[PDB]
Protein chains: 2
Amino acid sequence: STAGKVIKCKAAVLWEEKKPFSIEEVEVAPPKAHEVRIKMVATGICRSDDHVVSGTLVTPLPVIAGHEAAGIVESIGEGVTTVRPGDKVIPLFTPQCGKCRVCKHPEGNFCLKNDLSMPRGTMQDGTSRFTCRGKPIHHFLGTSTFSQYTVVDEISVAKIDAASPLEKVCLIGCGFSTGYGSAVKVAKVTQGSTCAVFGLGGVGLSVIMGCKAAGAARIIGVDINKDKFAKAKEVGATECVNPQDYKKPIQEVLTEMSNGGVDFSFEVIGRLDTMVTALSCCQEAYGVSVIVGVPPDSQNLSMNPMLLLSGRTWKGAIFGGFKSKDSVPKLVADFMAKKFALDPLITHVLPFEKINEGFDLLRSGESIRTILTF
Amino acid sequence: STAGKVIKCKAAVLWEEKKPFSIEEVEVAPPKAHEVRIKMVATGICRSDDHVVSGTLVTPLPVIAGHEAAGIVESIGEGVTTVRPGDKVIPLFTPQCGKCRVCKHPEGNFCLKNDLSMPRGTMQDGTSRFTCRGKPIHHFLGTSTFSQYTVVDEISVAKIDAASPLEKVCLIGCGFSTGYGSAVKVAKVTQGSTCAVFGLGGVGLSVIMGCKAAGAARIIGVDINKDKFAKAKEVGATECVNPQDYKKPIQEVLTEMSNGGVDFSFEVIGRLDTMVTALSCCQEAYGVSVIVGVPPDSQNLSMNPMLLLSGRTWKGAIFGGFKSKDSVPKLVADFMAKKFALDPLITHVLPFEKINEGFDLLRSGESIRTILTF
Ligand SMILES: NC(=O)c1ccc[n+]([C@@H]2O[C@H](COP(=O)([O-])OP(=O)([O-])OC[C@H]3O[C@@H](n4cnc5c(N)[nH+]cnc54)[C@H](O)[C@@H]3O)[C@@H](O)[C@H]2O)c1
Ligand SMILES: NC(=O)c1ccc[n+]([C@@H]2O[C@H](COP(=O)([O-])OP(=O)([O-])OC[C@H]3O[C@@H](n4cnc5c(N)[nH+]cnc54)[C@H](O)[C@@H]3O)[C@@H](O)[C@H]2O)c1
Ligand SMILES: OCc1c(F)c(F)c(F)c(F)c1F
Ligand SMILES: OCc1c(F)c(F)c(F)c(F)c1F
Ligand SMILES: [Zn+2]
Ligand SMILES: [Zn+2]
Ligand SMILES: [Zn+2]
Ligand SMILES: [Zn+2]
């Protein structure tokens, strides 16, 4: 009934940094060639969405944020072959064009069509599908999931199992897949190893899940909010430490606890100082540290390269290193087969209309993931 | 006969930074339990030795430096089982104790018994075997090869082929093995890949050799001294670039040349700025950059962690990642079997008495390796 027509719907528009989202009517254009218009069903609140609010992440405003979601295809533009109306889908904030040198590489996932490195806030064609109060509104990461309807490029959507519970599998669109893949694919955590995970939010919990799945013998959670420790232990942490409890810097504490440094460490917060701490705490000759947290815009860290010269490996990744369109349907299939759990990440459920309360819950430290339902 | 006796011999003593070596008589104590006294045959001049002179590397003075060498066992202490008098040997500036967590790790080589991190300038027992003009003289990296005779711990010496030409295979004690291993073992250069090598001295040329042995399709040498380019091309560089020739930063030049970034880059100079450039010039999603150079003591670099978040891997290594005592004899056997060449690294051969002249050749840009002969 809406194919080829502008849809008026509600969205959460961010007009200004450091302000509440405005739930109000937007106009969503129909999909152009190789575009897909999706009726959203569920979207998670990831800390990266909050970064847009805080200005930690710089992207053009005004914007419709949201990148962790699942929905149902309402219509497809000309030439779309990989989804159809009625299919369940997850938007892909890291696209998979399948054609660029990264998509062709066996270990690349950061497709060159991404809108993360130097955000334009548009569709692939450099234009917007969103109007609000007669003004064009930016997209975010090609996804813009804080809307009852969004339009995405075909390279930014994956078809998933028709029997998927969308209020759970939305987390495969960011936080679960990122954390789990950062452990199993990026770090390649080994059986019997010792891991340290800095930050015990939805992504860090997912890192612990992966480290446990990989067979780590010790998984040390690190957070300044000790209310995060119980859930971290439930999903596999063997012990948790709060840096505020110690006179000494936590890299020295973790090096002592691990009899000379950990095998694998993960920065899952977004602070320059914890990125250097996390590198330092892995064993100097053969340790690996993975940056997962999003750093504040345009700020440089300072570090002594002797940390690397001794043998450490330092790497980072977007979306757990997963090639997004290949991996998301497989991850949903594995979830359907109970290969991993998503419920431990979901602490709150709210209607979309209570998005601001959802952000309040994240900022207070109370929530892991709030799932918004449309 | 010298066994069990103090030897009076010639050595190059560094009494203070930024002064010439003093070629004079030292006394060399006999080896204690688990120690080996070696008559030196040949030693190379590595830039790391010059870093001790310049203050780039801090190590206790006065000192007998030198770490790239080969010689013949004069005598062994009680309990030595791995060499005998008359054996050809290479001292190991990275030891292999065989017992520490690093030595037991499949990918570790930076043995915890090393004297690099926190140099004491002693034998493993915290004492010195050297005196000069009645004063105790420090060891350097457990090796101290700028002497007619040295004493090393057993864990810091490898027995090599009795038919080895010691005036060539001394380079397996540092520069060849470091560069070659940085490419083949630490980076794991792939067939058909594009490499960039920053610094075309003895170590950087050995990195080129390894990149070519690994089947790289393109190997771009980078040096501010264009006199270094002809030999770089002889051993496998396909292109050479001088940053001073460009209005743009060389990371931009190399990204353009490689149609979006190199597969593998190597910092083989010792400058903070080139370490960040080398990381930047590798492809942002799947590139690997290896730090080989040694920069000025206690200086931090500045970098934007977004370089890592996109997917880059940044690592460093000592001695090409090789477990020293297992690897050095195999590298010498492979040299004897013509699997690689060492002559391209050797530009000058001088008597040991001309050590200062050999350092002046390095500092002036003329030489790659000077081999000093005893
Ligand atoms: N690389 C990616 O693809 C990717 C994906 C998803 C999220 N992110 C980022 O990952 C980070 C974590 O996201 P999330 O789990 O949704 O966030 P979150 O739920 O806010 O969790 C962060 C955790 O860090 C804790 N923390 C804060 N400061 C410190 C400190 N100084 N020391 C130790 N713990 C501290 C904090 O208490 C909280 O539990 C954010 O920076 C995201 O932007 C990156
Ligand atoms: N990691 C290890 O185990 C290890 C082993 C051996 C050597 N090293 C270090 O590796 C480095 C190279 O040693 P080497 O090959 O004996 O030294 P070298 O022979 O002096 O070569 C260094 C090269 O760098 C070139 N260079 C200098 N500045 C620049 C610049 N700004 N841009 C590009 N090129 C430049 C210079 O012209 C020269 O050709 C030194 O810092 C050594 O201390 C490390
Ligand atoms: O949470 C996933 C996520 C990221 F990892 C980013 F690096 C980023 F810029 C962003 F906008 C994002 F949403
Ligand atoms: O050239 C090898 C070498 C190094 F790689 C160092 F890191 C160091 F401190 C040193 F003294 C040395 F000789
Ligand atoms: Zn692509
Ligand atoms: Zn996210
Ligand atoms: Zn050891
Ligand atoms: Zn050296």
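The count begins at 1 with the first shown residue.
Looking at the header, which is where the method is noted, we find X-ray crystallography, 1.2 Å.
Cβ atoms here come from the backbone N, Cα and C positions, even for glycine.
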In Swiss-Prot, A:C46, A:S48, A:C174 are given as binding Zn(2+) 1, so which of A:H67, A:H139 is in that site too?
A:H67
What does Swiss-Prot list, out of A:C111, A:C132, as binding the same Zn(2+) 2 as A:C97, A:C100, A:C103?
A:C111
Out of A:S1, A:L200, A:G204, A:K228, A:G293, which recorded positions lie by ligand 6, with a C-beta less than 6 Å from some atom of it?
none
Using the recorded Zn(2+) 1 site (A:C46, A:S48, A:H67, A:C174) as reference, state which further residues of the same chain have their Cβ within 8 Å of the centre of those residues' Cβ atoms, listed in sequence order.
A:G44, A:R47, A:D49, A:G66, A:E68, A:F93, A:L141, A:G173, A:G175
Count the Cβ atoms, other than its own, that fall within 10 Å of the Cβ of A:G293 (NAD(+) binding site), considering every protein chain shown.
25
Binding-site residues A:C46, A:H67, A:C97, A:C103: which have a Cα within 10 Å of A:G202 (NAD(+) binding site)?
A:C46
Please list, in sequence order, every residue of the chain apart from A:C97, A:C100, A:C103, A:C111 whose Cβ lies within 8 Å of the Cβ centroid of the Zn(2+) 2 site.
A:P95, A:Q96, A:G98, A:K99, A:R101, A:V102, A:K104, A:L112, A:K113, A:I155
Least buried by Cβ count (within 10 Å) of the recorded positions A:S1, A:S48:
A:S1
Quick one: of A:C103, A:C174, which of the binding-site residues has the smallest count of other CB atoms within 10 A?
A:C103
Can you give me the Cα-Cα distance between A:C46 (Zn(2+) 1 binding site) and A:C97 (Zn(2+) 2 binding site) in Å, rounded to a whole number?
24
